[PDB]
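Residue numbers (the authors' numbering), protein chains in the order written: chain D, 1 to 273, 284 to 431; chain C, 1 to 440; chain E, 75 to 140.
A virtual CB, placed ideally from N, CA and C, is assigned to each residue, including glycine.
What follows is a set of notes on a single structure, which appears directly below.
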Amino acid sequence: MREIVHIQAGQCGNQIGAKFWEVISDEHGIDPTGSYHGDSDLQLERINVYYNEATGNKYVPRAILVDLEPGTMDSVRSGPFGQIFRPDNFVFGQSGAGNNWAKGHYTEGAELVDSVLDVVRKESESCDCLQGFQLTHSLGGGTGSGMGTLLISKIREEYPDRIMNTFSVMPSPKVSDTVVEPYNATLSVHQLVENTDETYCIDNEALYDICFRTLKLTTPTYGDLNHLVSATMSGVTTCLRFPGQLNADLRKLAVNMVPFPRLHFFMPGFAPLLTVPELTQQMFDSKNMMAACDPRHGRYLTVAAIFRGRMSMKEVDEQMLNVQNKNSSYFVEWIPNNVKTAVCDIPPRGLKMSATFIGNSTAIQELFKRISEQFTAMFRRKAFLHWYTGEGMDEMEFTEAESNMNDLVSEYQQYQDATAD
Amino acid sequence: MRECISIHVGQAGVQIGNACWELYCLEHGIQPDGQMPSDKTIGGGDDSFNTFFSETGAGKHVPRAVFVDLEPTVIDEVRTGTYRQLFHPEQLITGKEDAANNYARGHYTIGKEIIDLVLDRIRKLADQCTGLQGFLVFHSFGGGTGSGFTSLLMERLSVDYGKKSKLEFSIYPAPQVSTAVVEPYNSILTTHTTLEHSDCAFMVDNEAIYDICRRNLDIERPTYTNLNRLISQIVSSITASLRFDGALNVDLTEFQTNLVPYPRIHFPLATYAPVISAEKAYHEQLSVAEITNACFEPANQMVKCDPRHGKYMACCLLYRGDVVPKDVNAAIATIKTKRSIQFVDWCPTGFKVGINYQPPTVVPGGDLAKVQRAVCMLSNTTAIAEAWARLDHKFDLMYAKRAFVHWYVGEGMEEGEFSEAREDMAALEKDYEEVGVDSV
Amino acid sequence: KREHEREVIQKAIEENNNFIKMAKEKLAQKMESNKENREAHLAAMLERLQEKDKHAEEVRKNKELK
Ligand SMILES: Nc1nc2c(ncn2[C@@H]2O[C@H](COP(=O)(O)OP(=O)(O)OP(=O)(O)O)[C@@H](O)[C@H]2O)c(=O)[nH]1
Ligand SMILES: Nc1nc2c(ncn2[C@@H]2O[C@H](COP(=O)(O)OP(=O)(O)OP(=O)(O)O)[C@@H](O)[C@H]2O)c(=O)[nH]1
Ligand SMILES: COc1cc(C(=O)c2c[nH]c(-c3cccc4[nH]ccc34)n2)cc(OC)c1OC
Ligand SMILES: [Ca+2]
Ligand SMILES: [Mg+2]
């Protein structure tokens with residue numbers, strides 16, 4: 001048993017977290033009551049990873065649901081599968097952070113963080129062999145961003161030898177008008193660069209553009225955005241949940257995807273938004299990236315791709331080798347065999363063939379540059395900084411977060427320019 | 001006596017062990033419950049197969065083998081598999097967390113928690129031996145356990161068993177079935193650390209096996225199971241001299257005298273023939289001359305290299321089945337006139353021949369045709385250093401950037417171990433160049 | 075010639091023992107240096123995380139000057 005402890009913090013984190021549990025519970029044949037209703041025993045072979053088995057053949061998600069906002073607890077309970085979560089794993093405050101990172105990280109969130117850590121502790125200490133943790137949250141708000149990164153720091157203190165994985169939703173003006181989100185994201189990226197082992201950059205800018213341009217959905221809702229998120233989260237966790245020739249876990253993923261500790265921010269991709287050649291070309295298409303970055307504006311350090319459905323592994327192998335040869339210049343020459351392919355026979359709901367892409371590309375700097383531009387536009391005017399200094403923060407902490415993120419961009423640029431000879 | 005103890009480390013070592021021991025049982029007429037009706041000495045014996053099998057009073061024939069893995073998934077299948085009754089539970093040793101493709105975790109962090117138990121279980125097997133002759137160690141180069149734990153075990157075995165012989169079957173990494181980007185790192189680290197502790201190592205290039213399965217068994221996309229069925233045939237051909245006996249059977253140790261001129265030059269190239277589909281073999285019988293000639297076709301080698309562009313230091317032919325010396329000698333005579341076989345000036349050119357009369361066995365449901373005669377060539381050629389060159393270059397590309405090195409430093413390793421390991425490989429490539437230069 | 079026979083087998087014993095001894099010692103040094111390297115790496119990680127706790131209480135004390 002190699003258990004993962006799942007944590008969802010704040011509104012966005014709990015929303016994409018609930019959808020994640022809905023999708024994978026269906027894939028594993030778990031109904032809202034925790035009972036298994038399944039065809040294949042591939043559904044239960046690696047079920048420990050996300051589910052605890054209570055006596056009576058009931059499976060309970062190893063999930064901790066956290067918010068400074070009381071409402072989200074009831075909305076989780078009333079949603080489909082709200083009736084599968086442990087009630088003791090609901091940890092909620094009364095305040096609400098009002099999109100204030102300092103409240104989530106330093107004051108109101110710190111008051112509540114010990115209560116969450118107790119829930120983390122029952123769940124972690126029951127684990128046969130803990131892999132680590134996966135957190136869902138947004139970076140633009142106050143609780144998921146501020147308290148989420150505080151929680152990551154506190155968990156790493158007690159579990160320094162476990163993997164810390166996050167699904168981090170990046171802010172975009174196309175989906176949110178709240179002004180301070182560039183502050184909250186930069187302060188969060190400052191924490192994530194140091195204290196997580198792997199972070200999926202789920203970019204609301206990319207999610208909006210896919211819904212609008214590709215799926216032709218004007219006025220996209222969060223259900224539309226999260227539909228892409230749940231497809232992505234199902235794909236990038238397929239190799240953790242099902243038995244495969246690769247037998248993936250959170251550490252093996254990090255060892256193979258992260259050549260340098262700070263460069264651990266991944267571009268997820270999904271297809272279709284079919285023949286195997288179509289899947290492979292779409293999966294590498296900039297239109298199918300969940301981070302608003304053009305891969306042809308940088309180079310891939312590492313790539314992990316998972317194909318799902320009944321198809322020819324020979325054809326997949328040929329096509330993957332083919333896109334590498336025809337796009338040689340977009341993979342770094344000094345990491346041999348840096349593109350790995352996996353296959354899972356079980357497709358997701360509603361598709362017979364899908365492909366999910368995890369890229370560690372230096373083009374991810376386009377995402378951080380976009381946030382850096384929005385951050386500095388406000389910080390040069392010191393706008394709304396009293397919201398943060400009012401909670402006791404010092405203003406050069408902003409200086410350091412911006413400087414650390416600018417360092418991350420330059421480091422990605424350094425290995426984009428490096429050559430073998 | 002002269003018992004051999006097999007040690008299977010990591011997924012690759014364990015799964016290849018499954019294939020070998022299943023094949024051994026079919027070759028010796030041993031049932032999945034360990035009973036061997038043909039064996040009339042109950043509870044013991046001195047037969048040739050007793051080198052690999054001990055016997056209980058209840059007539060069970062038990063492999064002289066230990067299986068070790070740092071996680072339980074793969075060995076659990078042995079515990080619940082077809083041949084679960086073959087092994088005593090203490091021969092199957094598992095931890096809870098694997099090395100995560102990291103040599104440092106297999107050697108230091110995780111491996112150090114289980115090494116004493118493994119050595120204890122090995123000592124239990126060694127104490128059942130009246131004349132222990134040595135160890136056979138199966139492992140991958142690329143896995144964190146296969147690389148890191150094996151080298152830790154080999155170091156401890158040198159201490160606990162002086163200079164008792166230790167042979168390796170080492171799985172050389174190939175991109176087609178690779179599991180980790182850092183496999184070149186693990187390969188160089190384990191080759192450096194194990195070099196002084198191994199007397200002879202048979203490298204198996206997964207790409208070579210992959211290509212043979214595709215080309216010769218018409219297998220569209222070979223799996224580990226396809227690869228391991230072929231590998232077990234080559235391993236069985238090598239150990240056949242230890243498990244059978246006859247008037248023309250040359251022991252493996254006698255081949256080793258010819259194959260290792262200097263302690264570091266202990267990596268023989270294996271070439272095996274014939275690998276033929278049942279549909280091709282039907283009505284087509286391959287002669288002694290044909291299977292021997294196939295030993296000098298590079299497409300049939302266990303590791304990709306070109307001995308035609310290197311020099312030979314030894315040539316051994318291990319035949320099994322309907323083979324007589326007269327036909328061997330004529331085949332060798334023909335091949336020498338027509339093939340590119342250049343020996344170094346300091347070695348005799350003769351070929352050492354062993355013949356075991358029991359024909360090759362095939363496991364039911366496999367892709368290999370049953371054939372009347374097969375041969376495995378063991379040659380000491382400078383061309384095998386090509387495998388080091390390719391591996392060392394992949395190492396150099398990543399290490400120049402220190403890519404992924406932090407995963408090893410974080411487990412307590414130092415950069416000095418990387419460069420020390422790489423310098424040893426550079427000296428090894430130099431050694432193979434020096435042995436090939438004419439005398440002065 | 076008998077004296078030479080004694081010296082040959084004594085040299086063979088001494089070299090096998092010396093190989094065991096040095097392999098035993100090199101391993102013990104390797105395991106000990108790796109243990110202190112990994113411990114120091116973990117200690118530095120916690121020290122940085124504990125300095126985050128000191129900065130966090132400092133931020134709260136500054137707000138307490140409300
Ligand atoms: N993709 C996606 N993004 C969301 C969703 N909900 C909120 N967001 C984004 O999250 C950002 C704000 O973070 P929230 O999660 O709403 O705030 P919070 O974490 O609950 O913290 P506070 O409400 O301030 O206490 C905005 O930029 C939103 O665009 C969602 O369901 N899906
Ligand atoms: N021929 C063959 N090669 C294998 C097999 N299993 C794994 N490999 C190869 O071994 C390498 C990976 O090492 P593993 O043995 O799987 O890893 P490990 O020894 O269990 O070490 P861990 O990292 O702790 O899992 C890859 O190059 C695989 O191609 C097998 O069954 N047969
Ligand atoms: C292939 O796809 C996946 C793999 C892994 C994984 O653990 C792993 C191991 N090696 C690797 C790996 C990554 C990159 C280059 C590589 N060259 C050799 C191995 C390798 N990646 C995890 C996944 O999802 C959680 C996953 O799905 C997307
Ligand atoms: Ca007997
Ligand atoms: Mg393994």
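Query raised in the report: Can you give the Cα-Cα distance for residue 130/E and residue 153/D, rounded to whole angstroms?
Result: Here residue 130/E refers to the residue found at position 56 of the third sequence. Here residue 153/D refers to the residue found at position 153 of the first sequence. So the two alpha carbons sit approximately 12 Å from each other.
Report task. May I ask you to report which of helix, strand or coil DSSP gives residue 271/C? Result -> For the purposes of this step, residue 271/C is taken as residue 271 along the second sequence, with counting starting at 1. If DSSP states are grouped into helix, strand and coil, residue 271/C belongs with the strands.
Query raised in the report: ligand 5 heavy atoms versus the CB of residue 69/C: any closer than 7 Å?
Result: The residue labelled residue 69/C in the question sits at position 69 within the second sequence. Residue 69/C Cβ: within cutoff of ligand 5.
Requested in this report: Sort 240/C, 272/C, 145/C, 67/C by Cα distance to residue 303/C and report the nearest one.
Outcome: For the purposes of this step, residue 303/C is identified with residue 303 of the second sequence, where counting begins at 1. For residue 303/C, the nearest C-alpha among the options comes from 272/C.
Query raised in the report: For residue 336/D, does the count of other Cβ atoms within 10 angstroms reach 16, so buried, or fall short, so exposed?
Result: Translated into positions along the first sequence, residue 336/D becomes position 326. It is exposed - the Cβ of residue 336/D has fewer than 16 other Cβ atoms within 10 Å.
Report task. Confirm the yes/no value for this check: CB of residue 187/C, any heavy atom of ligand 3, distance under 7 Å. Result -> Numbered from its first residue, the second sequence carries residue 187/C at position 187. Not under cutoff, so the answer is no.
**Report entry** Assigned exposure category for residue 230/C - 16 Cβ within 10 Å defines buried
**Finding:** Here residue 230/C refers to the residue found at position 230 when the second sequence is read from its first residue. When all chains shown are included, residue 230/C counts as buried.
Query raised in the report: To which residues of the same chain is residue 382/C closer than 6 Å at the C-beta, ignoring the five residues directly before and after it?
Result: Indexing the second sequence from 1 puts residue 382/C at position 382. Result list for residue 382/C: 310, 311, 432, 436, in chain order.
Query raised in the report: Got a list of residues with beta-carbon closer than 5 Å to any non-hydrogen atom of ligand 5, in chain order?
Result: 11/C, 98/C
**Report entry** Residues in the segment 399–426 of chain D having any Cβ partner in chain E nearer than 7 Å
**Finding:** 401, 402, 403
Query raised in the report: How big is the Cα-Cα spacing for residue 85/D and residue 349/D?
Result: Here residue 85/D refers to the residue found at position 85 of the first sequence. Here residue 349/D refers to the residue found at position 339 of the first sequence. Each residue's Cα considered, the two are about 37 Å apart.
Requested in this report: Just confirm the distance between the C-beta atoms of residue 77/C and residue 121/C, as a whole number of angstroms; I'd bet it's less than 8 Å.
Outcome: As a first step, residue 77/C must be located in the second sequence, where it is residue number 77. As a first step, residue 121/C must be located in the second sequence, where it is residue number 121. About 19 Å; that fails the 8 Å criterion.
Query - Bridge partners - residue 67/C, DSSP secondary structure assignment - result: Here residue 67/C is taken as the residue at index 67 of the second sequence, counted from 1. Note: residue 67/C sits in a beta bridge opposite 8/C, 92/C.
Report task. Please confirm if the segment 136–153 of chain C is in contact with the segment 4–21 of chain C, defined as three or more CB-CB distances below 8 Å between the two stretches. Result -> yes
Report task. Report back the beta-carbon spacing between residue 236/D and residue 208/D to the nearest angstrom; my notes put them in contact at under 8 Å. Result -> In the first sequence, residue 236/D corresponds to position 236, counting from 1. In the first sequence, residue 208/D corresponds to position 208, counting from 1. About 20 Å; that fails the 8 Å criterion.
Report task. Select from the segment 76–110 of chain D all residues with a C-beta closer than 7 Å to any C-beta belonging to chain E, and list them in chain order. Result -> Residues 106, 107, 110.
Report task. Going by CA-CA distance only, name the one from 2/D, 20/D, 171/D that's closest to residue 229/D. Result -> Within the first sequence, residue 229/D is the residue found at index 229, counting from 1. The shortest C-alpha separation from residue 229/D is found at 20/D.
Query - Contacting positions in the segment 101–118 of chain E - beta carbon closer than 7 Å to chain C - result: 101, 105, 108, 109, 111, 112, 115
Query - Completely contained alpha helix (DSSP H) runs for the segment 274–327 of chain C, where each covers 4 or more residues - result: 278–281, 288–294
Query raised in the report: Name the chain D residues that come within less than 7 Å of residue 130/E, Cβ to Cβ?
Result: Your numbering for residue 130/E matches position 56 in the third sequence. What residue 130/E touches in chain D: 106, 110.
**Report entry** Cβ-heavy atom distance, residue 16/C to ligand 2, below 7 Å
**Finding:** Taking the first residue of the second sequence as 1, we reach residue 16/C at position 16. Yes, the beta carbon of residue 16/C sits closer than 7 Å to at least one heavy atom of ligand 2.
Query raised in the report: Among residues of its own chain, excluding the 5 on either side of residue 305/D, which ones have a beta-carbon nearer than 8 Å to its beta-carbon?
Result: Sequence index remark: in the first sequence, residue 305/D carries index 295 (1-based). 267, 294, 296, 299, 340, 369, 371, 373.
**Report entry** Candidates 259/D, 252/D, 314/D, 257/D: closest to residue 269/D by CA position
**Finding:** For the purposes of this step, residue 269/D is taken as residue 269 along the first sequence, with counting starting at 1. Here the closest residue by C-alpha is 314/D.
Requested in this report: May I ask you to report which of helix, strand or coil DSSP gives residue 307/D?
Outcome: Within the first sequence, numbered from 1, the residue matching residue 307/D stands at position 297. Residue 307/D falls in the helix class under three-state DSSP.
Query raised in the report: Any residues in the segment 105–120 of chain C with a beta carbon nearer than 9 Å to a beta carbon of chain E? Which ones, in chain order?
Result: 107, 108, 109, 112
Query - For residue 346/D and residue 108/C, the rounded distance between their alpha carbons - result: Numbered from 1 along the second sequence, position 108 holds the residue referred to as residue 108/C. Numbered from 1 along the first sequence, position 336 holds the residue referred to as residue 346/D. Distance between the alpha carbons of residue 108/C and residue 346/D is about 26 Å.
Query raised in the report: Just to confirm, are residue 14/D and residue 113/D a CB contact at a threshold of 8 Å?
Result: Along the first sequence, one-based indexing puts residue 14/D at 14. Along the first sequence, one-based indexing puts residue 113/D at 113. The Cβ atoms of residue 14/D and residue 113/D do not sit closer than 8 Å to each other.
Query raised in the report: Which one of 131/D, 367/D, 327/D, 287/D has the shortest CA to CA distance from residue 202/D?
Result: Translated into the one-based positions of the first sequence, residue 202/D becomes position 202. The option with the nearest alpha carbon to residue 202/D is 367/D.
**Report entry** Given residue 244/C as reference, the closest of 438/C, 52/C, 377/C once Cα atoms are compared
**Finding:** Walking along the second sequence from the start, residue 244/C turns up at place 244. Here the closest residue by C-alpha is 52/C.
Report task. Verify the contact flag: residue 132/D, CB atom, against every heavy atom of ligand 4, threshold strictly below 7 Å. Result -> Numbered from its first residue, the first sequence carries residue 132/D at position 132. For ligand 4, not one heavy atom lies less than 7 Å from the Cβ of residue 132/D.
Requested in this report: Quick one: list the residues of chain E neighbouring residue 157/D, beta-carbon separation under 7 Å, in chain order.
Outcome: Counting from one through the first sequence, the residue named residue 157/D turns up at place 157. The answer, in chain order, is 120, 123.
Query raised in the report: According to DSSP, which residues form a beta bridge with residue 96/E?
Result: In the third sequence, the residue the question calls residue 96/E occupies position 22. Paired residue(s): none; residue 96/E is not in a bridge.
Query raised in the report: Taking the alpha-carbon positions, what's the residue 295/C to residue 332/C distance?
Result: As a first step, residue 295/C must be located in the second sequence, where it is residue number 295. As a first step, residue 332/C must be located in the second sequence, where it is residue number 332. Rounded to whole angstroms, residue 295/C to residue 332/C spans 11 Å at the Cα level.
**Report entry** One or two residues paired with residue 353/D in a DSSP bridge
**Finding:** Against the first sequence, residue 353/D aligns to sequence position 343. As DSSP reads the structure, residue 353/D sits in a beta bridge with 317/D.
Query raised in the report: Can you tell me the Cα-Cα spacing of residue 197/D and residue 221/D, whole angstroms?
Result: Locating residue 197/D in the first sequence gives position 197, where the first residue counts as 1. Locating residue 221/D in the first sequence gives position 221, where the first residue counts as 1. Cα to Cα, residue 197/D sits roughly 31 Å from residue 221/D.
Query raised in the report: Exposed or buried, what is residue 408/C when buried is set at 16 or more other beta-carbons lying within 10 Å of its beta-carbon?
Result: Here residue 408/C refers to the residue found at position 408 of the second sequence. Residue 408/C comes out buried.
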